[PDB]
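Chemist:
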Amino acid sequence: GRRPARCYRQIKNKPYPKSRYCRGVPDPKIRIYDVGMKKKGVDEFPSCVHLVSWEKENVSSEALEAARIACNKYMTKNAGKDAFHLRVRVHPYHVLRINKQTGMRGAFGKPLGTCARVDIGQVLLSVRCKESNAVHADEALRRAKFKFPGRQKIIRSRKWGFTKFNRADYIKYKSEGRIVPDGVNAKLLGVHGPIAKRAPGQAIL
Amino acid sequence: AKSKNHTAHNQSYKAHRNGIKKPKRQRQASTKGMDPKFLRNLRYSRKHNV
Amino acid sequence: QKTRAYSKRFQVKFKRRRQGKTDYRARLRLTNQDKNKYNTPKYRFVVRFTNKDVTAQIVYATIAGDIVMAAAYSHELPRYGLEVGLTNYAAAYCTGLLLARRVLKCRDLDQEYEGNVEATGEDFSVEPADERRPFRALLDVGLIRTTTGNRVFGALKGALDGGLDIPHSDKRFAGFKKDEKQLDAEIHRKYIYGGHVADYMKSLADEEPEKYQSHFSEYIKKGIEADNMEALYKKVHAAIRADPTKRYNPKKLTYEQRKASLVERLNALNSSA
Amino acid sequence: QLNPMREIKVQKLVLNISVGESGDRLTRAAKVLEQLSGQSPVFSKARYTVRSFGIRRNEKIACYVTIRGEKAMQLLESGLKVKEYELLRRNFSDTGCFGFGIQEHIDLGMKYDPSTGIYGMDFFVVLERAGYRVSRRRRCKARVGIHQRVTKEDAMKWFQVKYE
Amino acid sequence: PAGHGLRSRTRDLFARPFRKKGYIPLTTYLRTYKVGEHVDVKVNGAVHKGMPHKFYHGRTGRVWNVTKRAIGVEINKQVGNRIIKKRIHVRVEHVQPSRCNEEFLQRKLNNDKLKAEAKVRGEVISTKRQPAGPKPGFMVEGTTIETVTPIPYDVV
RNA sequence: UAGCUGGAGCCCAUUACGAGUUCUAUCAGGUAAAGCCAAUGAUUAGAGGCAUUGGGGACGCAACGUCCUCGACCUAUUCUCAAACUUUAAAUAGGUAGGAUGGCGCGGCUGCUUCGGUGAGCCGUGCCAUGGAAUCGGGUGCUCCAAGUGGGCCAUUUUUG
RNA sequence: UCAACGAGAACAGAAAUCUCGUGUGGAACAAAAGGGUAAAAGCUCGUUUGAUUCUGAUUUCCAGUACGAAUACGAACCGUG
RNA sequence: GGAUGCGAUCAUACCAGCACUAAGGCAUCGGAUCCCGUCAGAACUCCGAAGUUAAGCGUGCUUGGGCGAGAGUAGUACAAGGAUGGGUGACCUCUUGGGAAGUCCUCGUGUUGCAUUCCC
RNA sequence: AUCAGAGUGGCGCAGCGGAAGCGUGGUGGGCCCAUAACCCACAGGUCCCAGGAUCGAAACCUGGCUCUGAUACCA
Ligand SMILES: [Mg+2]
Ligand SMILES: [Mg+2]
Ligand SMILES: [Mg+2]
Ligand SMILES: [Mg+2]
Ligand SMILES: [Mg+2]
Ligand SMILES: [Mg+2]
Ligand SMILES: [Mg+2]
Ligand SMILES: [Mg+2]
Ligand SMILES: [Mg+2]
Ligand SMILES: [Mg+2]
Ligand SMILES: [Mg+2]
Ligand SMILES: [Mg+2]
Ligand SMILES: [Mg+2]
Ligand SMILES: [Mg+2]
Ligand SMILES: [Mg+2]
Ligand SMILES: [Mg+2]
Ligand SMILES: [Mg+2]
Ligand SMILES: [Mg+2]
Numbered sequence: 002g003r004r005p006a007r008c009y010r011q012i013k014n015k016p017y018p019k020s021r022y023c024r025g026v027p028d029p030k031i032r033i034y035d036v037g038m039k040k041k042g043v044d045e046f047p048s049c050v051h052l053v054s055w056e057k058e059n060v061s062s063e064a065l066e067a068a069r070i071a072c073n074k075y076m077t078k079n080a081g082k083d084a085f086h087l088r089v090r091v092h093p094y095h096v097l098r099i100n101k112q113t114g115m116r117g118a119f120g121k122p123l124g125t126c127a128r129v130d131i132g133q134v135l136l137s138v139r140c141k142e143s144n145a146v147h148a149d150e151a152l153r154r155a156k157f158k159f160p161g162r163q164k165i166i167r168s169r170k171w172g173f174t175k176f177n178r179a180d181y182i183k184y185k186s187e188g189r190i191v192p193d194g195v196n197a198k199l200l201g202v203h204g205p206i207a208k209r210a211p212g213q214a215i216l
Numbered sequence: 002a003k004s005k006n007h008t009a010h011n012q013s014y015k016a017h018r019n020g021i022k023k024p025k026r027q028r029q030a031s032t033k034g035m036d037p038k039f040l041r042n043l044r045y046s047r048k049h050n051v
Numbered sequence: 007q008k009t010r011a012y013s014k015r016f017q018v019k020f021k022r023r024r025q026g027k028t029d030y031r032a033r034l035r036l037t038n039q040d041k042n043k044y045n046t047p048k049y050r051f052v053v054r055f056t057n058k059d060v061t062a063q064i065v066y067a068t069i070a071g072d073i074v075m076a077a078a079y080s081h082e083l084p085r086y087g088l089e090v091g092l093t094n095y096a097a098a099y100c101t102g103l104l105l106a107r108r109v110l111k112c113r114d115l116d117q118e119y120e121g122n123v124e125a126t127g128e129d130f131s132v133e134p135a136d137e138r139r140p141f142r143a144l145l146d147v148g149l150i151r152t153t154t155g156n157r158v159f160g161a162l163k164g165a166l167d168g169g170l171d172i173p174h175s176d177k178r179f180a181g182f183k184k185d186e187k188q189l190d191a192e193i194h195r196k197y198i199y200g201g202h203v204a205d206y207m208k209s210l211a212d213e214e215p216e217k218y219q220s221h222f223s224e225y226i227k228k229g230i231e232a233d234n235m236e237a238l239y240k241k242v243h244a245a246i247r248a249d250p251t264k265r266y267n268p269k270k271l272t273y274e275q276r277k278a279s280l281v282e283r284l285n286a287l288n289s290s291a
Numbered sequence: 007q008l009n010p011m012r013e014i015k016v017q018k019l020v021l022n023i024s025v026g027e028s029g030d031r032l033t034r035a036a037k038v039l040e041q042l043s044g045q046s047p048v049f050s051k052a053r054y055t056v057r058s059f060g061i062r063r064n065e066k067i068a069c070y071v072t073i074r075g076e077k078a079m080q081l082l083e084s085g086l087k088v089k090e091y092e093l094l095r096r097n098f099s100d101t102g103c104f105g106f107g108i109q110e111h112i113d114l115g116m117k118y119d120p121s122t123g124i125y126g127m128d129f130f131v132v133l134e135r136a137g138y139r140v141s142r143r144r145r146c147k148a149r150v151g152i153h154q155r156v157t158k159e160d161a162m163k164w165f166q167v168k169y171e
Numbered sequence: 002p003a004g005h006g007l008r009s010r011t012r013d014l015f016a017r018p019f020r021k022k023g024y025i026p027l028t029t030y031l032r033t034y035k036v037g038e039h040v041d042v043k044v045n046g047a048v049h050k051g052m053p054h055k056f057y058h059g060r061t062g063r064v065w066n067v068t069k070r071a072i073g074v075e076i077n078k079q080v081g082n083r084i085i086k087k088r089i090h091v092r093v094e095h096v097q098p099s100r101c102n103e104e105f106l107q108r109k110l111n112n113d114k115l116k117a118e119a120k121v122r123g124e125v126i127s128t129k130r131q132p133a134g135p136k137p138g139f140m141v142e143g144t145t146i147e148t149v150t151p152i153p154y155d156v157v
């Protein structure tokens with residue numbers, strides 16, 4: 002069916018996204034990017050581990066779909082459905098073309124499928140869990156990385172959950188009560204805005 | 002057999018091997034094309050110098 | 007209310023538009039001198055009417071800003087003789103005459119360009135006869151609708167009657183016959199010498215005595231009946247042609275008190291509730 | 007503040023009859039306003055040719071006039087003398103104004119003096135305080151500050167405390 | 002023609018800059034030109050008359066003939082193996098006077114002043130700029146000297 | 001036919017003047033990068049309130065009422081993006097100037113210009129101006145007659161199918 | 001002053017007409033796309049015929065040829081204000 | 001410390017929400033005979049001063065939005081020239097030079113000309 | 001594989017922007033002992049799915065689909 006990924010492994014062409022010009026593309030393999038309990042708040046799953054891609058390439062939509070489900074089946078069977086949140090951190094926006112008596116006369120091809128362009132040191136997947144339960148995710152990402160063409164690491168990230176705040180700083184800011192907990196995110200507070208819009212106990216310089 | 006060909010390859014070399022000939026800058030620069038309202042006056046004064 | 011992207015993409019217009027005071031499409035066209043004249047500015051005859059004055063100026067355009075050489079107001083007419091009714095058609099006539107006389111006296115060509123010694127409505131242009139061309143100005147109404155009868159065009163008539171050259175035509179002088187397409191000498195004469203207030207003073211005085219008193223108080227208390235308007239304007243025009251010559267707002271409170279007051283509001287809000 | 011410049015006062019009444027029709031029918035809807043005002047309505051042509059309402063585009067459907075001053079007050083009190091001086095506490099619009107509608111002849115004015123049918127009509131008045139010429143004049147126009155904008159409490163507490 | 006009309010390839014060359022759209026400030030009209038000044042041709046998007054071709058946006062040349070609403074500029078276009086002094090008339094909205102010779106014309110007087118001052122005294126001087134060369138020696142009053150060592154690699 | 005080339009010369013030349021270069025000053029840029037927590041377009045997920053009723057249960061004897069409900073919507077966020085998207089915005093490359101082809105005085109012309117010796121320019125004359133960054137060096141400086149060529153190919157880098 | 005949005009008004013509702021507010025242009029400018037514009041280049045009205053005459057210049061293409069188109073003067077005659 | 005007219009620079013000048021102002025000036029305002037204007041004296045035009053600072057105008061305030069400046073982001077991203085440089089290649093390093101941008105943090109919120117005029 | 005064609009009432013087809021019909025079928029009556037046939041009336045449709053312009057679409061054009069027909073050669 003679909004061509005080998007070696008044909009569409011290197012970036013050789015400028016990005017060719019769906020628009021008022023690239024139309025007739027099919028919808029990509031992947032339609033869901035966040036799986037597991039995506040409703041849990043910041044304080045529940047602190048530990049976060051990412052599958053990071055280490056070579057510039059085109060990970061196909063089919064690959065980046067099959068990888069998440071291979072990272073989900075393991076996590077579900079072992080550590081239960083209520084202890085991980087998976088997020089695929091890349092979207093298939095590049096549209097691959099295929100060209101198929113008549114030779115290369117009129118050689119521009121009709122669109123084939125859709126793939127996501129990655130780069131050196133680009134986070135590709137993330138799982139968030141509880142440190143007591145982190146080993147399962149550590150192995151699940153390793154079990155999913157044999158679905159991608161290049162080299163990847165399985166790197167725990169120094170920050171807290173999916174938030175821009177390190178573990179140390181976020182715990183400092185929780186004890187200082189200078190952070191709004193939003194759900195999966197959090198927001199620092201500070202010295203800008205109107206004094207009015209702040210809650211009575213949430214005023215800082 | 003593709004009769005359509007195009008390069009600028011070697012054209013900078015042909016241009017520069019005999020210099021990019023700048024025109025000799027001139028005392029008494031040319032007036033052709035200038036504003037006829039200005040030039041009629043300019044001529045008429047030189048008609049009536051002493 | 008207006009969102010952040012609105013503010014960030016907003017382009018402000020020119021200050022003298024956000025105040026709604028200038029028409030830049032007119033201004034470019036009035037000030038723009040041909041580039042083969044190189045400096046000779048186009049002097050604009052700028053007349054403006056407030057509710058209680060008739061300002062007039064001769065101004066030219068400079069990079070630094072417009073530079074005035076003769077300013078003539080209606081509130082300097084009392085020094086000449088007109089004490090009441092200083093923003094009417096004839097008052098703007100007098101103000102135009104005064105400004106033209108003063109430009110002439112400042113550039114010293116009045117004696118060769120005296121204009122009409124006496125006002126008339128029949129349209130006036132000067133002979134540029136010999137060696138001295140008249141001072142040439144460009145009238146600038148501003149935002150007013152140039153309808154027939156406008157005080158601006160009374161001021162135009164006065165500026166000409168002083169001797170200035172301002173390109174013009176009689177299609178907006180008061181009393182133009184918009185049907186028949188010529189002026190009436192007598193009706194423009196009436197407007198210039200204040201007939202149009204004189205007949206309304208008589209009209210109120212005949213069958214409206216209470217509005218006459220509530221409506222022309224200053225005319226009353228300066229004792230000027232509708233009977234004495236023309237000759238009054240004769241004398242004021244003669245005077246014009248003969249003699250053309264601590265803290266209450268608060269300081270911006272500075273950073274130290276600002277920062278102290280801020281922590282005070284902060285402690286109030288935080289400690290409370 | 008109790009500054010007597012801030013006296014609420016009807017800027018204008020506006021009378022609108024839109025018939026969705028044309029020809030002689032609207033020419034009579036012109037008269038039903040011509041008698042009321044003494045000044046000639048201006049027609050309001052349609053737009054958008056929305057068929058389900060039976061109107062082409064650019065064809066005269068409506069007919070309106072603006073009345074202001076003594077005549078507007080005189081005819082406005084008759085307009086509410088229709089309603090028995092009572093509105094819906096919602097006909098007041100949030101900015102400065104309120105409106106209502108009637109069937110003509112429960113006003114005054116003889117009925118078939120042209121032989122024209124009973125046309126209902128749109129009354130709509132926007133109150134003003136003195137000095138909206140600052141938002142209407144051509145030179146130096148600008149908003150009016152909150153302290154001198156009629157609001158809903160201003161229109162309501164104009165309607166119920168006085169004028171009646 | 003021949004595949005490309007006058008205002009081709011100018012999706013961004015001829016645009017106004019961001020938040021500088023709309024009106025023409027009066028100074029672009031009250032800056033006056035004289036035959037011989039060096040001016041910069043930069044097209045203005047909103048004024049469509051007298052416009053110069055997209056080649057001339059961002060060049061400099063000497064005014065060579067000045068007329069009402071229009072400046073004659075004379076600039077060098079390089080074609081083949083030769084320089085053609087092209088002569089264009091651009092409406093004044095498209096030209097700004099250059100500050101290339103600002104330093105030159107200041108320094109000309111700054112020089113002739115010193116040649117006068119040298120004629121005053123011993124009449125020897127040399128009015129030339131020299132590019133920044135060797136800096137002479139000097140002592141350094143020994144201060145606290147900060148030792149910096151290459152950082153150990155934290156992978157994170 | 002233009003380009004590249006030769007031959008015939010000629011014209012001057014170490015004062016000049018020019019440069020496939022740098023320097024100083026000053027213009028122009030929308031490519032890489034970045035951006036979406038900025039407009040356009042795409043796009044993943046939540047958090048909070050909130051609708052004069054997007055549709056329902058249940059209380060609604062009632063409404064100019066609400067708890068759940070798929071959720072519009074607004075608010076502040078979040079993942080990923082653009083050759084035919086951009087606020088911002090490089091590097092290399094582009095243009096111009098760096099004096100003797102400059103200025104100032106005097107007294108003249110104009111049929112242009114100005115309210116006007118007012119300007120614009122030119123004209124005659126007299127004065128100045130240590131050569132006006134570095135380096136380098138005879139020049140296509142001017143012209144004539146004419147040849148062959150007009151199938152290209154490889155490489156490092158940018159790049160389209 | 002446009003698109004749109006908020007609130008209101010007999011029949012009238014999502015949408016007919018009216019009124020107020022906000023409205024950086026999210027509308028329109030005959031057509032394709034791009035650029036440009038808010039007392040306008042858009043909408044309505046007024047008067048109109050410069051969509052005229054003579055011959056050059058210049059740009060764009062470029063061999064610095066023609067044509068097409070465009071620009072800036074000149075000498076007329078005019079329109080509008 | 002003010003104002004008006006004409007302004008140059010066009011957000012440090014805008015936007016939103018507040019509080020306040022001596023004199024003058026501005027404005028608001030009163031009328032519709034005239035010239036003039038429309039459906040409408042609301043607007044535009046002509047005439048005029050009986051009041052009001054209520055709006056406008058002006059000034060100031062906000063841990064405001066925007067804007068402008070700076071520090072950091074960061075010698076990072078990129079990038080000119082060089083390597084019989086590394087690696088299997090994508091790419092990456094070194095050598096001679098240039099060098100950005102968002103979020104985050106701190107500050108600021110107009111300058112000014114000509115003419116006339118008011119203060120205390 | 002490209003190039004065309006047609007998609008409209010239950011069926012097969014009309015249709016030139018104001019915008020829905022032809023023949024036949026469906027419905028209720030009438031003639032008939034009864035059914036046809038015939039006579040009189042009655043209801044019709046997502047104008048193939050998603051757009052755009054356009055006073056104004058079902059038609060103009062563009063994307064998404066199904067059936068049908070064409071030209072597919074020198075080695
Ligand atoms: Mg060839
Ligand atoms: Mg005008
Ligand atoms: Mg070409
Ligand atoms: Mg051709
Ligand atoms: Mg050809
Ligand atoms: Mg640009
Ligand atoms: Mg044109
Ligand atoms: Mg040849
Ligand atoms: Mg480009
Ligand atoms: Mg890029
Ligand atoms: Mg976007
Ligand atoms: Mg950026
Ligand atoms: Mg280039
Ligand atoms: Mg340069
Ligand atoms: Mg040609
Ligand atoms: Mg080498
Ligand atoms: Mg039957
Ligand atoms: Mg039967």
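Chains as they are written, first to last, in the authors' numbering: chain HB, 2 to 101, 112 to 216; chain OB, 2 to 51; chain KA, 7 to 251, 264 to 291; chain EA, 7 to 169, 171; chain BA, 2 to 157.
Heads up, the beta-carbon is just placed ideally off N, CA and C, and yes, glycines get one too.
Verify the CB distance criterion: does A11 (chain KA) have a CB-CB separation below 9 angstroms to chain BA?
Modeler: Taking Cβ atoms only, chain BA never reaches closer than 9 angstroms to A11 (chain KA), which makes this a no.
Chemist: Which of the three DSSP states, helix, strand or coil, is assigned to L87 (chain HB)?
Modeler: Strand at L87 (chain HB).
Chemist: Since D205 (chain KA) is in the alpha helix (DSSP H), which residue starts that stretch and which ends it?
Modeler: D205 (chain KA) -> alpha helix (DSSP H) spans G201 to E213.
Chemist: Would you check whether ligand 1 has a heavy atom nearer than 8 angstroms to the C-beta of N11 (chain OB)?
Modeler: Because no heavy atom of ligand 1 lies under 8 angstroms away, the Cβ of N11 (chain OB) does not count as near it: no.
Chemist: May I ask you to list, following chain order, the residues of the stretch 58 to 88 of chain KA that have a beta carbon less than 8 angstroms from some beta carbon of chain BA?
Modeler: Listed by position, the residues of the stretch 58 to 88 of chain KA near chain BA (Cβ gap below 8 angstroms) are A67, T68 and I69.
Chemist: Measuring alpha carbon to alpha carbon, tell me which of BA:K55, BA:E38 and BA:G37 ends up nearest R8 (chain BA).
Modeler: Here the closest residue by C-alpha is BA:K55.
Chemist: With a Cβ-Cβ cutoff of 9 angstroms, do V38 (chain EA) and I23 (chain EA) count as a contact?
Modeler: Yes, they are a contact pair.
Chemist: Going along chain HB in order, which residues have a C-beta closer than 8 angstroms to the C-beta of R283 (chain KA)?
Modeler: Ordered by position in chain HB, the residues that pass the 8 angstroms Cβ test against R283 (chain KA) are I206.
Chemist: Within the 9 angstroms Cβ cut-off, does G123 (chain BA) reach chain OB?
Modeler: Cβ-Cβ to chain OB under 9 angstroms: no for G123 (chain BA).
Chemist: DSSP has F157 (chain HB) in a bridge; who is on the other side?
Modeler: DSSP lists no partner for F157 (chain HB).
Chemist: If you measure between the beta carbons of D119 (chain EA) and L21 (chain EA), is that distance less than 9 angstroms?
Modeler: No.
Chemist: For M11 (chain EA), does the count of other Cβ atoms within 10 angstroms reach 16, so buried, or fall short, so exposed?
Modeler: Under this definition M11 (chain EA) is an exposed residue.
Chemist: Using only Cβ atoms and a threshold of 7 angstroms, which residues come within that distance of a heavy atom of ligand 4? Order them by chain position.
Modeler: Result: BA:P2 and BA:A3.
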